[PDB]
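Quick look at start_28.cif (mmCIF, N, CA and C atoms):
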data_start
loop_
_atom_site.label_atom_id
_atom_site.label_comp_id
_atom_site.auth_asym_id
_atom_site.auth_seq_id
_atom_site.Cartn_x
_atom_site.Cartn_y
_atom_site.Cartn_z
N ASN Q 316 -59.89 -6.31 -7.52
CA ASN Q 316 -59.58 -5.46 -8.70
C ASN Q 316 -59.56 -3.98 -8.30
N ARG Q 317 -58.53 -3.56 -7.61
CA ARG Q 317 -58.45 -2.13 -7.19
C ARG Q 317 -57.16 -1.50 -7.71
N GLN Q 318 -57.21 -0.25 -8.10
CA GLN Q 318 -55.97 0.42 -8.61
C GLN Q 318 -55.81 1.79 -7.94
N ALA Q 319 -54.59 2.23 -7.76
CA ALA Q 319 -54.39 3.58 -7.17
C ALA Q 319 -55.08 4.64 -8.03
N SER Q 320 -55.76 5.57 -7.41
CA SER Q 320 -56.46 6.63 -8.20
C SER Q 320 -55.87 8.00 -7.87
N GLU Q 321 -55.42 8.19 -6.66
CA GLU Q 321 -54.85 9.52 -6.30
C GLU Q 321 -54.19 9.45 -4.93
N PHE Q 322 -53.14 10.19 -4.71
CA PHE Q 322 -52.47 10.13 -3.38
C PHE Q 322 -52.15 11.53 -2.84
N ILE Q 323 -52.30 11.70 -1.55
CA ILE Q 323 -52.07 13.04 -0.93
C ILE Q 323 -50.88 12.96 0.03
N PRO Q 324 -50.09 14.00 0.05
CA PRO Q 324 -48.86 14.00 0.87
C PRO Q 324 -49.19 14.10 2.36
N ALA Q 325 -48.43 13.40 3.16
CA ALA Q 325 -48.46 13.67 4.61
C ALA Q 325 -47.79 15.02 4.88
N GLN Q 326 -48.17 15.68 5.93
CA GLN Q 326 -47.67 17.07 6.12
C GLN Q 326 -46.14 17.07 6.17
N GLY Q 327 -45.53 17.90 5.37
CA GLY Q 327 -44.05 17.98 5.35
C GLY Q 327 -43.49 17.28 4.11
N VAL Q 328 -44.33 16.73 3.27
CA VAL Q 328 -43.81 16.09 2.02
C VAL Q 328 -44.68 16.47 0.82
N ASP Q 329 -44.07 16.73 -0.31
CA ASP Q 329 -44.85 17.05 -1.54
C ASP Q 329 -45.49 15.77 -2.10
N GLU Q 330 -46.60 15.89 -2.77
CA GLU Q 330 -47.30 14.67 -3.28
C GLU Q 330 -46.40 13.92 -4.26
N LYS Q 331 -45.69 14.61 -5.11
CA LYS Q 331 -44.74 13.91 -6.01
C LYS Q 331 -43.72 13.14 -5.17
N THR Q 332 -43.22 13.75 -4.14
CA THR Q 332 -42.32 13.01 -3.21
C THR Q 332 -43.04 11.76 -2.68
N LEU Q 333 -44.28 11.91 -2.30
CA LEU Q 333 -45.08 10.72 -1.86
C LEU Q 333 -45.15 9.68 -2.99
N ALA Q 334 -45.31 10.12 -4.21
CA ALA Q 334 -45.47 9.15 -5.33
C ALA Q 334 -44.17 8.38 -5.57
N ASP Q 335 -43.05 9.04 -5.50
CA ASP Q 335 -41.76 8.33 -5.73
C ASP Q 335 -41.54 7.29 -4.64
N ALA Q 336 -41.68 7.66 -3.41
CA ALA Q 336 -41.57 6.66 -2.32
C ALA Q 336 -42.74 5.68 -2.39
N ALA Q 337 -43.87 6.15 -2.84
CA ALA Q 337 -45.00 5.23 -3.09
C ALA Q 337 -44.55 4.13 -4.05
N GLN Q 338 -43.71 4.47 -4.98
CA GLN Q 338 -43.23 3.46 -5.96
C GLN Q 338 -42.23 2.50 -5.31
N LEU Q 339 -41.17 3.02 -4.73
CA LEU Q 339 -40.10 2.09 -4.24
C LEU Q 339 -40.66 1.17 -3.17
N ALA Q 340 -41.55 1.67 -2.36
CA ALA Q 340 -42.24 0.79 -1.38
C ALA Q 340 -43.16 -0.20 -2.12
N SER Q 341 -43.52 0.11 -3.34
CA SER Q 341 -44.50 -0.74 -4.08
C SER Q 341 -43.82 -1.56 -5.18
N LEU Q 342 -42.52 -1.56 -5.22
CA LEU Q 342 -41.83 -2.33 -6.30
C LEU Q 342 -42.08 -3.82 -6.11
N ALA Q 343 -41.95 -4.24 -4.89
CA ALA Q 343 -41.97 -5.71 -4.60
C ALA Q 343 -43.36 -6.16 -4.16
N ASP Q 344 -44.32 -5.27 -4.14
CA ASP Q 344 -45.71 -5.72 -3.80
C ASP Q 344 -46.21 -6.68 -4.87
N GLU Q 345 -46.73 -7.79 -4.44
CA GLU Q 345 -47.28 -8.78 -5.40
C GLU Q 345 -48.79 -8.59 -5.53
N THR Q 346 -49.31 -7.57 -4.91
CA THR Q 346 -50.77 -7.31 -4.99
C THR Q 346 -51.11 -6.68 -6.34
N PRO Q 347 -52.30 -6.94 -6.81
CA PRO Q 347 -52.76 -6.31 -8.06
C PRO Q 347 -52.60 -4.79 -7.95
N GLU Q 348 -52.89 -4.25 -6.80
CA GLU Q 348 -52.70 -2.79 -6.58
C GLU Q 348 -51.21 -2.43 -6.67
N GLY Q 349 -50.34 -3.34 -6.35
CA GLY Q 349 -48.89 -3.02 -6.33
C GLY Q 349 -48.47 -2.45 -7.68
N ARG Q 350 -49.04 -2.95 -8.74
CA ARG Q 350 -48.78 -2.36 -10.08
C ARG Q 350 -49.58 -1.07 -10.27
N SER Q 351 -50.78 -1.02 -9.79
CA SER Q 351 -51.59 0.22 -9.96
C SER Q 351 -50.90 1.41 -9.28
N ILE Q 352 -50.30 1.19 -8.15
CA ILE Q 352 -49.63 2.31 -7.43
C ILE Q 352 -48.39 2.78 -8.20
N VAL Q 353 -47.55 1.88 -8.61
CA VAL Q 353 -46.32 2.29 -9.34
C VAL Q 353 -46.69 3.00 -10.65
N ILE Q 354 -47.76 2.60 -11.27
CA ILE Q 354 -48.28 3.37 -12.44
C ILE Q 354 -48.93 4.68 -11.97
N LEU Q 355 -49.53 4.70 -10.81
CA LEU Q 355 -50.15 5.96 -10.31
C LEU Q 355 -49.09 7.06 -10.18
N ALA Q 356 -47.93 6.72 -9.71
CA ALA Q 356 -46.83 7.73 -9.61
C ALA Q 356 -46.46 8.25 -10.99
N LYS Q 357 -46.33 7.38 -11.95
CA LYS Q 357 -45.84 7.84 -13.28
C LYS Q 357 -46.87 8.71 -13.98
N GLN Q 358 -48.10 8.28 -13.99
CA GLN Q 358 -49.12 9.00 -14.79
C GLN Q 358 -49.47 10.34 -14.15
N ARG Q 359 -49.62 10.36 -12.86
CA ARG Q 359 -50.14 11.59 -12.21
C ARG Q 359 -49.05 12.65 -12.03
N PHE Q 360 -47.87 12.26 -11.64
CA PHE Q 360 -46.88 13.31 -11.23
C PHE Q 360 -45.50 13.06 -11.82
N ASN Q 361 -45.10 11.83 -11.96
CA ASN Q 361 -43.68 11.56 -12.31
C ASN Q 361 -43.49 10.16 -12.89
N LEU Q 362 -43.46 10.03 -14.19
CA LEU Q 362 -43.07 8.73 -14.79
C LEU Q 362 -41.67 8.36 -14.29
N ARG Q 363 -41.60 7.66 -13.20
CA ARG Q 363 -40.27 7.33 -12.62
C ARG Q 363 -40.33 5.93 -12.01
N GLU Q 364 -39.21 5.33 -11.76
CA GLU Q 364 -39.22 3.94 -11.23
C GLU Q 364 -38.39 3.85 -9.96
N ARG Q 365 -37.85 2.70 -9.71
CA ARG Q 365 -37.03 2.51 -8.48
C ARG Q 365 -35.55 2.74 -8.77
N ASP Q 366 -34.77 2.94 -7.75
CA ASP Q 366 -33.29 3.05 -7.96
C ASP Q 366 -32.56 2.01 -7.12
N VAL Q 367 -33.11 0.84 -7.01
CA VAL Q 367 -32.47 -0.22 -6.17
C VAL Q 367 -31.23 -0.78 -6.88
N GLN Q 368 -31.35 -1.08 -8.15
CA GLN Q 368 -30.22 -1.72 -8.88
C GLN Q 368 -29.05 -0.75 -9.05
N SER Q 369 -29.33 0.53 -9.08
CA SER Q 369 -28.22 1.52 -9.16
C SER Q 369 -27.66 1.77 -7.76
N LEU Q 370 -28.49 1.66 -6.77
CA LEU Q 370 -28.04 1.94 -5.38
C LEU Q 370 -27.79 0.64 -4.61
N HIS Q 371 -28.07 -0.48 -5.22
CA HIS Q 371 -27.94 -1.77 -4.49
C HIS Q 371 -28.86 -1.77 -3.27
N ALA Q 372 -30.12 -1.49 -3.46
CA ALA Q 372 -31.07 -1.44 -2.31
C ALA Q 372 -31.77 -2.79 -2.13
N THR Q 373 -32.55 -2.93 -1.09
CA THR Q 373 -33.24 -4.22 -0.85
C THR Q 373 -34.76 -4.04 -0.91
N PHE Q 374 -35.44 -4.92 -1.59
CA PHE Q 374 -36.93 -4.87 -1.59
C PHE Q 374 -37.48 -5.69 -0.42
N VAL Q 375 -38.60 -5.30 0.10
CA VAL Q 375 -39.25 -6.12 1.16
C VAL Q 375 -40.65 -6.52 0.72
N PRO Q 376 -40.77 -7.73 0.26
CA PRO Q 376 -42.06 -8.21 -0.29
C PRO Q 376 -43.18 -8.02 0.73
N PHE Q 377 -44.40 -7.90 0.27
CA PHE Q 377 -45.53 -7.67 1.22
C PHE Q 377 -45.80 -8.93 2.04
N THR Q 378 -45.98 -8.77 3.32
CA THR Q 378 -46.38 -9.94 4.16
C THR Q 378 -47.77 -9.70 4.74
N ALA Q 379 -48.55 -10.74 4.85
CA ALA Q 379 -49.93 -10.59 5.40
C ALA Q 379 -49.88 -10.38 6.91
N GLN Q 380 -48.83 -10.82 7.55
CA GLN Q 380 -48.75 -10.66 9.03
C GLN Q 380 -48.77 -9.18 9.39
N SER Q 381 -48.03 -8.38 8.69
CA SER Q 381 -48.06 -6.91 8.94
C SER Q 381 -49.04 -6.24 7.98
N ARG Q 382 -49.45 -6.94 6.97
CA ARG Q 382 -50.34 -6.33 5.94
C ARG Q 382 -49.65 -5.11 5.32
N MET Q 383 -48.41 -5.27 4.94
CA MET Q 383 -47.67 -4.12 4.33
C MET Q 383 -46.39 -4.59 3.63
N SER Q 384 -45.78 -3.70 2.90
CA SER Q 384 -44.53 -4.03 2.15
C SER Q 384 -43.72 -2.75 1.94
N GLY Q 385 -42.48 -2.84 1.58
CA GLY Q 385 -41.70 -1.58 1.36
C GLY Q 385 -40.27 -1.90 0.91
N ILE Q 386 -39.42 -0.92 0.95
CA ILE Q 386 -38.03 -1.10 0.44
C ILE Q 386 -37.03 -0.38 1.35
N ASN Q 387 -35.83 -0.87 1.45
CA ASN Q 387 -34.80 -0.18 2.28
C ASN Q 387 -33.54 0.05 1.46
N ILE Q 388 -32.96 1.21 1.55
CA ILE Q 388 -31.64 1.42 0.90
C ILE Q 388 -30.77 2.29 1.80
N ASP Q 389 -29.49 2.17 1.65
CA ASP Q 389 -28.51 3.08 2.33
C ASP Q 389 -29.13 4.42 2.71
N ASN Q 390 -29.55 5.15 1.72
CA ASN Q 390 -29.91 6.58 1.95
C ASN Q 390 -31.42 6.77 2.17
N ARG Q 391 -32.20 5.74 2.02
CA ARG Q 391 -33.68 5.90 2.19
C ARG Q 391 -34.28 4.65 2.84
N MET Q 392 -35.27 4.83 3.66
CA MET Q 392 -36.06 3.66 4.14
C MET Q 392 -37.55 3.99 4.06
N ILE Q 393 -38.25 3.39 3.15
CA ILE Q 393 -39.68 3.75 2.96
C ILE Q 393 -40.55 2.50 2.98
N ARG Q 394 -41.74 2.59 3.49
CA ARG Q 394 -42.66 1.42 3.44
C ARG Q 394 -44.06 1.84 3.00
N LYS Q 395 -44.83 0.90 2.54
CA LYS Q 395 -46.25 1.19 2.20
C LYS Q 395 -47.14 0.08 2.76
N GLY Q 396 -48.13 0.42 3.52
CA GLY Q 396 -48.93 -0.64 4.20
C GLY Q 396 -50.35 -0.14 4.43
N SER Q 397 -51.21 -0.99 4.90
CA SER Q 397 -52.53 -0.49 5.36
C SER Q 397 -52.29 0.60 6.41
N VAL Q 398 -53.17 1.55 6.50
CA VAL Q 398 -52.96 2.65 7.47
C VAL Q 398 -52.76 2.08 8.87
N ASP Q 399 -53.47 1.05 9.20
CA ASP Q 399 -53.28 0.42 10.53
C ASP Q 399 -51.86 -0.14 10.65
N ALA Q 400 -51.37 -0.80 9.63
CA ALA Q 400 -49.98 -1.35 9.70
C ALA Q 400 -48.96 -0.22 9.69
N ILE Q 401 -49.07 0.69 8.77
CA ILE Q 401 -48.06 1.78 8.69
C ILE Q 401 -48.11 2.67 9.93
N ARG Q 402 -49.29 3.02 10.36
CA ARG Q 402 -49.42 3.88 11.56
C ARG Q 402 -48.78 3.21 12.77
N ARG Q 403 -49.00 1.95 12.94
CA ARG Q 403 -48.28 1.22 14.01
C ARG Q 403 -46.77 1.27 13.73
N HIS Q 404 -46.40 1.20 12.49
CA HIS Q 404 -44.95 1.24 12.14
C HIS Q 404 -44.34 2.61 12.44
N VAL Q 405 -45.05 3.68 12.20
CA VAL Q 405 -44.48 5.02 12.51
C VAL Q 405 -44.30 5.18 14.01
N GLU Q 406 -45.28 4.84 14.78
CA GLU Q 406 -45.12 4.95 16.26
C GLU Q 406 -44.04 3.99 16.75
N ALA Q 407 -43.90 2.84 16.14
CA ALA Q 407 -42.82 1.91 16.56
C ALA Q 407 -41.46 2.51 16.22
N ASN Q 408 -41.38 3.18 15.11
CA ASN Q 408 -40.14 3.92 14.77
C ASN Q 408 -39.88 4.99 15.83
N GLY Q 409 -40.94 5.45 16.44
CA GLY Q 409 -40.82 6.65 17.31
C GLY Q 409 -41.21 7.87 16.48
N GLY Q 410 -41.90 7.65 15.40
CA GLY Q 410 -42.27 8.80 14.50
C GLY Q 410 -43.78 9.02 14.54
N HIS Q 411 -44.29 9.87 13.68
CA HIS Q 411 -45.74 10.22 13.74
C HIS Q 411 -46.32 10.46 12.34
N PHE Q 412 -47.60 10.25 12.19
CA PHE Q 412 -48.26 10.51 10.87
C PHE Q 412 -49.16 11.74 10.96
N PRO Q 413 -49.32 12.41 9.85
CA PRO Q 413 -50.10 13.67 9.82
C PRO Q 413 -51.59 13.39 9.99
N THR Q 414 -52.22 14.04 10.92
CA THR Q 414 -53.67 13.76 11.16
C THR Q 414 -54.51 14.22 9.98
N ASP Q 415 -54.14 15.28 9.33
CA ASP Q 415 -54.93 15.73 8.16
C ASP Q 415 -54.89 14.65 7.10
N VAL Q 416 -53.80 13.95 7.01
CA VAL Q 416 -53.70 12.86 6.00
C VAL Q 416 -54.32 11.58 6.53
N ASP Q 417 -54.09 11.26 7.77
CA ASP Q 417 -54.82 10.11 8.36
C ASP Q 417 -56.33 10.33 8.20
N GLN Q 418 -56.79 11.54 8.35
CA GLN Q 418 -58.22 11.81 8.03
C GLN Q 418 -58.49 11.58 6.54
N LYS Q 419 -57.67 12.11 5.67
CA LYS Q 419 -57.87 11.85 4.21
C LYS Q 419 -57.86 10.34 3.93
N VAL Q 420 -57.06 9.61 4.65
CA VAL Q 420 -57.14 8.12 4.57
C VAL Q 420 -58.54 7.66 4.98
N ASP Q 421 -59.07 8.26 5.99
CA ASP Q 421 -60.42 7.84 6.47
C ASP Q 421 -61.45 8.15 5.40
N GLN Q 422 -61.27 9.24 4.72
CA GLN Q 422 -62.20 9.62 3.63
C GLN Q 422 -62.07 8.66 2.44
N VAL Q 423 -60.88 8.21 2.17
CA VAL Q 423 -60.71 7.19 1.10
C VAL Q 423 -61.46 5.91 1.47
N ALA Q 424 -61.45 5.56 2.73
CA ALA Q 424 -62.19 4.34 3.17
C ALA Q 424 -63.71 4.55 3.02
N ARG Q 425 -64.21 5.68 3.44
CA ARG Q 425 -65.68 5.89 3.44
C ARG Q 425 -66.22 5.99 2.00
N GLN Q 426 -65.40 6.42 1.08
CA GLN Q 426 -65.83 6.45 -0.34
C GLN Q 426 -65.62 5.07 -0.98
N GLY Q 427 -65.04 4.16 -0.26
CA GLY Q 427 -64.87 2.78 -0.80
C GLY Q 427 -63.49 2.65 -1.44
N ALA Q 428 -62.57 3.50 -1.06
CA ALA Q 428 -61.19 3.40 -1.62
C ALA Q 428 -60.25 2.87 -0.54
N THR Q 429 -59.09 2.40 -0.92
CA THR Q 429 -58.17 1.79 0.09
C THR Q 429 -56.96 2.70 0.29
N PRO Q 430 -56.93 3.35 1.42
CA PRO Q 430 -55.80 4.23 1.75
C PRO Q 430 -54.58 3.41 2.16
N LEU Q 431 -53.59 3.37 1.32
CA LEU Q 431 -52.27 2.85 1.77
C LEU Q 431 -51.43 4.02 2.25
N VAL Q 432 -50.81 3.90 3.38
CA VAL Q 432 -49.91 5.00 3.82
C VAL Q 432 -48.47 4.64 3.49
N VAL Q 433 -47.74 5.57 2.95
CA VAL Q 433 -46.31 5.30 2.68
C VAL Q 433 -45.47 6.23 3.54
N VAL Q 434 -44.42 5.72 4.12
CA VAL Q 434 -43.60 6.55 5.02
C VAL Q 434 -42.17 6.60 4.52
N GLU Q 435 -41.44 7.57 4.95
CA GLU Q 435 -39.99 7.60 4.68
C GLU Q 435 -39.27 8.00 5.98
N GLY Q 436 -38.24 7.29 6.33
CA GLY Q 436 -37.67 7.46 7.70
C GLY Q 436 -38.69 6.99 8.73
N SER Q 437 -39.05 7.82 9.67
CA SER Q 437 -40.02 7.40 10.72
C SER Q 437 -41.35 8.14 10.57
N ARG Q 438 -41.56 8.82 9.48
CA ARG Q 438 -42.82 9.61 9.35
C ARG Q 438 -43.55 9.22 8.08
N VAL Q 439 -44.75 9.69 7.91
CA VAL Q 439 -45.50 9.37 6.67
C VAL Q 439 -45.21 10.42 5.60
N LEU Q 440 -44.95 9.99 4.41
CA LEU Q 440 -44.75 10.98 3.31
C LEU Q 440 -46.07 11.21 2.58
N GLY Q 441 -46.98 10.28 2.69
CA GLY Q 441 -48.37 10.57 2.20
C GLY Q 441 -49.22 9.29 2.18
N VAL Q 442 -50.48 9.41 1.83
CA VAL Q 442 -51.33 8.19 1.63
C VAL Q 442 -51.61 7.99 0.15
N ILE Q 443 -51.61 6.77 -0.29
CA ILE Q 443 -52.06 6.47 -1.67
C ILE Q 443 -53.49 5.92 -1.61
N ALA Q 444 -54.44 6.67 -2.08
CA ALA Q 444 -55.85 6.19 -2.01
C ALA Q 444 -56.20 5.42 -3.28
N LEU Q 445 -56.53 4.18 -3.14
CA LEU Q 445 -56.81 3.34 -4.34
C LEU Q 445 -58.33 3.23 -4.51
N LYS Q 446 -58.82 3.21 -5.71
CA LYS Q 446 -60.30 3.17 -5.89
C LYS Q 446 -60.72 1.93 -6.68
N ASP Q 447 -61.97 1.58 -6.58
CA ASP Q 447 -62.48 0.39 -7.32
C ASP Q 447 -62.90 0.78 -8.73
N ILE Q 448 -62.78 -0.12 -9.67
CA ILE Q 448 -63.16 0.21 -11.07
C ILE Q 448 -64.34 -0.67 -11.51
N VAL Q 449 -65.12 -0.20 -12.45
CA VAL Q 449 -66.32 -0.98 -12.87
C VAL Q 449 -66.07 -1.65 -14.22
N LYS Q 450 -66.42 -2.90 -14.34
CA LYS Q 450 -66.29 -3.59 -15.66
C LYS Q 450 -67.46 -4.56 -15.86
N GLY Q 451 -67.90 -4.73 -17.07
CA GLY Q 451 -69.04 -5.66 -17.33
C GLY Q 451 -68.49 -7.00 -17.85
#
Could you write out this structure as structure tokens?
Amino acid sequence: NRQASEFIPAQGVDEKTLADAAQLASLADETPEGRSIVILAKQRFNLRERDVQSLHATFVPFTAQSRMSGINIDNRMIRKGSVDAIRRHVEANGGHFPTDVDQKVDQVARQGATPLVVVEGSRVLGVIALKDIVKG
């Protein structure tokens, strides 16, 4: 039972930009968080959705083998995965992730939150830090 609580941009991308790509990479996620993230973008910075049906883009459902999921379209390629999965994906692209944000991902882990990293092209556009909620 975890939901996105806040996300920080990787260096070179605005947080709202991170939230929009955070959404398209999270459209096809079947994880409970997959809905929390797409709502995290709308409530915090931009009530917005995906543009796959207008652009004819492809969703990539989350797989446990890579522990990540994302979306690809003509003009954009973005993914969202565990920092370990996405970070391996950026270096495999030949790209790099921002250390200040990879550290912020580390801080989300130590507070008990789950840092998902979302990338666009071969770099990270930001991390989505998800937090746990309390219920009786």
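For the choices Q:336, Q:323, Q:400, Q:354, the atom-to-atom distance to residue 383 in chain Q is smallest for Q:400 when using only N, CA and C atoms.
For the file at hand, the PyMOL selection byres ((chain Q and resi 317) around 5) resolves to residues 316, 318, 319, 348, 446 and 447 of chain Q.
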Give me the residues near range 423-437 of chain Q as a PyMOL selection string, where near means some atom within 10 Å (using only C-alpha atoms) and where sequence neighbours in that chain fewer than 4 positions away do not count.
chain Q and resi 317-325+328+332-334+336-341+348+352+383-387+390-402+404-412+416-419+441-447
Please return as JSON, numbers by chain: the residues of range 375-448 of chain Q that backbone DSSP assigns to helix (DSSP H, G or I).
{"Q": [398, 399, 400, 401, 402, 403, 404, 405, 406, 407, 408, 414, 415, 416, 417, 418, 419, 420, 421, 422, 423, 424, 425]}
Using N, CA and C atoms, can you write the selected residues to a file as a PDB file, in the coordinates of the input?
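Output contents, as saved in out25.pdb:
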ATOM      1  N   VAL Q 398     -53.170   1.550   6.500  1.00  0.00           N
ATOM      2  CA  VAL Q 398     -52.960   2.650   7.470  1.00  0.00           C
ATOM      3  C   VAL Q 398     -52.760   2.080   8.870  1.00  0.00           C
ATOM      4  N   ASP Q 399     -53.470   1.050   9.200  1.00  0.00           N
ATOM      5  CA  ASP Q 399     -53.280   0.420  10.530  1.00  0.00           C
ATOM      6  C   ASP Q 399     -51.860  -0.140  10.650  1.00  0.00           C
ATOM      7  N   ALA Q 400     -51.370  -0.800   9.630  1.00  0.00           N
ATOM      8  CA  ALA Q 400     -49.980  -1.350   9.700  1.00  0.00           C
ATOM      9  C   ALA Q 400     -48.960  -0.220   9.690  1.00  0.00           C
ATOM     10  N   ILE Q 401     -49.070   0.690   8.770  1.00  0.00           N
ATOM     11  CA  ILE Q 401     -48.060   1.780   8.690  1.00  0.00           C
ATOM     12  C   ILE Q 401     -48.110   2.670   9.930  1.00  0.00           C
ATOM     13  N   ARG Q 402     -49.290   3.020  10.360  1.00  0.00           N
ATOM     14  CA  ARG Q 402     -49.420   3.880  11.560  1.00  0.00           C
ATOM     15  C   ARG Q 402     -48.780   3.210  12.770  1.00  0.00           C
ATOM     16  N   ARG Q 403     -49.000   1.950  12.940  1.00  0.00           N
ATOM     17  CA  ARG Q 403     -48.280   1.220  14.010  1.00  0.00           C
ATOM     18  C   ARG Q 403     -46.770   1.270  13.730  1.00  0.00           C
ATOM     19  N   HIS Q 404     -46.400   1.200  12.490  1.00  0.00           N
ATOM     20  CA  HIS Q 404     -44.950   1.240  12.140  1.00  0.00           C
ATOM     21  C   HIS Q 404     -44.340   2.610  12.440  1.00  0.00           C
ATOM     22  N   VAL Q 405     -45.050   3.680  12.200  1.00  0.00           N
ATOM     23  CA  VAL Q 405     -44.480   5.020  12.510  1.00  0.00           C
ATOM     24  C   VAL Q 405     -44.300   5.180  14.010  1.00  0.00           C
ATOM     25  N   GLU Q 406     -45.280   4.840  14.780  1.00  0.00           N
ATOM     26  CA  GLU Q 406     -45.120   4.950  16.260  1.00  0.00           C
ATOM     27  C   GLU Q 406     -44.040   3.990  16.750  1.00  0.00           C
ATOM     28  N   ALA Q 407     -43.900   2.840  16.140  1.00  0.00           N
ATOM     29  CA  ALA Q 407     -42.820   1.910  16.560  1.00  0.00           C
ATOM     30  C   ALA Q 407     -41.460   2.510  16.220  1.00  0.00           C
ATOM     31  N   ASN Q 408     -41.380   3.180  15.110  1.00  0.00           N
ATOM     32  CA  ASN Q 408     -40.140   3.920  14.770  1.00  0.00           C
ATOM     33  C   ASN Q 408     -39.880   4.990  15.830  1.00  0.00           C
ATOM     34  N   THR Q 414     -52.220  14.040  10.920  1.00  0.00           N
ATOM     35  CA  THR Q 414     -53.670  13.760  11.160  1.00  0.00           C
ATOM     36  C   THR Q 414     -54.510  14.220   9.980  1.00  0.00           C
ATOM     37  N   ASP Q 415     -54.140  15.280   9.330  1.00  0.00           N
ATOM     38  CA  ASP Q 415     -54.930  15.730   8.160  1.00  0.00           C
ATOM     39  C   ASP Q 415     -54.890  14.650   7.100  1.00  0.00           C
ATOM     40  N   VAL Q 416     -53.800  13.950   7.010  1.00  0.00           N
ATOM     41  CA  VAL Q 416     -53.700  12.860   6.000  1.00  0.00           C
ATOM     42  C   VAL Q 416     -54.320  11.580   6.530  1.00  0.00           C
ATOM     43  N   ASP Q 417     -54.090  11.260   7.770  1.00  0.00           N
ATOM     44  CA  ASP Q 417     -54.820  10.110   8.360  1.00  0.00           C
ATOM     45  C   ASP Q 417     -56.330  10.330   8.200  1.00  0.00           C
ATOM     46  N   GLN Q 418     -56.790  11.540   8.350  1.00  0.00           N
ATOM     47  CA  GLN Q 418     -58.220  11.810   8.030  1.00  0.00           C
ATOM     48  C   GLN Q 418     -58.490  11.580   6.540  1.00  0.00           C
ATOM     49  N   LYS Q 419     -57.670  12.110   5.670  1.00  0.00           N
ATOM     50  CA  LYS Q 419     -57.870  11.850   4.210  1.00  0.00           C
ATOM     51  C   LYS Q 419     -57.860  10.340   3.930  1.00  0.00           C
ATOM     52  N   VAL Q 420     -57.060   9.610   4.650  1.00  0.00           N
ATOM     53  CA  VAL Q 420     -57.140   8.120   4.570  1.00  0.00           C
ATOM     54  C   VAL Q 420     -58.540   7.660   4.980  1.00  0.00           C
ATOM     55  N   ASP Q 421     -59.070   8.260   5.990  1.00  0.00           N
ATOM     56  CA  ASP Q 421     -60.420   7.840   6.470  1.00  0.00           C
ATOM     57  C   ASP Q 421     -61.450   8.150   5.400  1.00  0.00           C
ATOM     58  N   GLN Q 422     -61.270   9.240   4.720  1.00  0.00           N
ATOM     59  CA  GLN Q 422     -62.200   9.620   3.630  1.00  0.00           C
ATOM     60  C   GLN Q 422     -62.070   8.660   2.440  1.00  0.00           C
ATOM     61  N   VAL Q 423     -60.880   8.210   2.170  1.00  0.00           N
ATOM     62  CA  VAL Q 423     -60.710   7.190   1.100  1.00  0.00           C
ATOM     63  C   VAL Q 423     -61.460   5.910   1.470  1.00  0.00           C
ATOM     64  N   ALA Q 424     -61.450   5.560   2.730  1.00  0.00           N
ATOM     65  CA  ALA Q 424     -62.190   4.340   3.170  1.00  0.00           C
ATOM     66  C   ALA Q 424     -63.710   4.550   3.020  1.00  0.00           C
ATOM     67  N   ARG Q 425     -64.210   5.680   3.440  1.00  0.00           N
ATOM     68  CA  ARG Q 425     -65.680   5.890   3.440  1.00  0.00           C
ATOM     69  C   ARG Q 425     -66.220   5.990   2.000  1.00  0.00           C
TER      70      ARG Q 425
END
For residue 368 in chain Q, work out the shell of residues within 12 Å, counting only C-alpha atoms and skipping chain neighbours fewer than 4 positions away, then give it as a compact mmCIF listing (two decimals) with N, CA and C atoms, keeping the file's coordinate frame.
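Ended up saving to part38.txt:
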# COMPACT_ATOMS: atom_id res chain seq x y z
N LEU Q 339 -41.17 3.02 -4.73
CA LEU Q 339 -40.10 2.09 -4.24
C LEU Q 339 -40.66 1.17 -3.17
N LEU Q 342 -42.52 -1.56 -5.22
CA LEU Q 342 -41.83 -2.33 -6.30
C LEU Q 342 -42.08 -3.82 -6.11
N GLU Q 364 -39.21 5.33 -11.76
CA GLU Q 364 -39.22 3.94 -11.23
C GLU Q 364 -38.39 3.85 -9.96
N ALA Q 372 -30.12 -1.49 -3.46
CA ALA Q 372 -31.07 -1.44 -2.31
C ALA Q 372 -31.77 -2.79 -2.13
N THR Q 373 -32.55 -2.93 -1.09
CA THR Q 373 -33.24 -4.22 -0.85
C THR Q 373 -34.76 -4.04 -0.91
N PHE Q 374 -35.44 -4.92 -1.59
CA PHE Q 374 -36.93 -4.87 -1.59
C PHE Q 374 -37.48 -5.69 -0.42
N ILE Q 388 -32.96 1.21 1.55
CA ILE Q 388 -31.64 1.42 0.90
C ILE Q 388 -30.77 2.29 1.80
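For the atom pair formed by atom C of residue 380 in chain Q and atom N of residue 403 in chain Q, the distance is 11.7 Å, given to one decimal.
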Please report the interatomic distance between atom C of residue 335 in chain Q and CA of residue 363 in chain Q in Å with one decimal.
8.1 Å
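You will find CA of residue 329 in chain Q at 15.7 Å from CA of residue 362 in chain Q.
Comparing Q:353, Q:343, Q:326, Q:448 by their smallest distance to residue 377 in chain Q, the closest is Q:343 (using all atoms listed in the file).
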